[PDB]
Every structure is written in C-alpha cells, then in structure tokens.
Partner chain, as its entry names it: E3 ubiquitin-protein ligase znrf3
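A single chain comes next, written as structure tokens; it is the form solved without its partner chain.
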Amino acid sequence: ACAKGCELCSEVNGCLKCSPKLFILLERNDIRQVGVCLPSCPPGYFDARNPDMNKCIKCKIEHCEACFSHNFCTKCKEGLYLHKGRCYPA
C-alpha cells in the first residue's frame, strides 16, 4: 500500500518512484533514506525537473536557508548578508 502520489514503494525505503508530475524527496534523519512524494519541494530544497524524473535537490550553499538553484540563494540564514545569491558574514 503506497502513499498517495507514489507509484512504487518498499516497506523500509518509502517511495521508490513517484507519479511523474510529483517530485521525489529523500529524507534521512535516520537509519536509512526514506523517499517521499511532493507537488513542490520544501524550503532548503529546489524543484529539479530532471530527465530521469522530478527531484527535490537539497541546497548545499554555505549559510543558505532557501535557494533558486545549486549555486544561487534566495534567502540566507538570519543575520547573514545576501549578495548575488551568496551568503556572507557581514
């Protein structure tokens, strides 16, 4: 019995493949990764419409809270200075 929006699941790894219109996000706060399906990705991630499937890709920008893409930040952590998509101690 798969969650809504999930085509294929496993008992332990959550969703393995989402409906093509949805985005898959991997959570691992954990013992392992657990796949979940979303219409749009939460902050800290960006919606990536990749050729293999729609994915929620994590923002890995130093000091960033939300991003537009892998190298452009839309919101810095509180108290940081946002300059041209990057976050700076200033």
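Residues that one form lacks are left out of the comparison. Rigid core (definition): largest C-alpha set, two forms, superposition within 1.5 Å. Positions refer to the first chain, counted from 1.
Look at the mean CA B-factor for 63 to 71 and for 13 to 21 in the entry; the higher one is 13 to 21.
The mean C-alpha temperature factor is higher for 29 to 37 when 29 to 37 and 51 to 59 are set side by side.
Heads up, the form solved in complex with its partner chain isn't pictured, but that's what we're talking about next.
In the deposited bound form, none of the heavy atoms of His63 sits within 4.5 Å of a heavy atom of its partner chain.
Within this chain, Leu16 lines the site of its partner chain in the deposited bound form, having a heavy atom no more than 4.5 Å away.
Taking the partner from elsewhere, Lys77 is found to have every heavy atom lying beyond 4.5 Å of its partner chain in the deposited bound form.
Looking at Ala3, you'd find every heavy atom of it more than 4.5 angstroms from its partner chain in the deposited bound form. Taking 2 Å as the criterion, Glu11 does not count as shifted between the shown form and the other one: its C-alpha moves by less than this amount when the rigid core is aligned. Shifted segments between the shown form and the other one, defined as at least 3 consecutive common residues whose CA atoms all move 2 Å or more after rigid-core fitting, occur once only, at 62 to 90.
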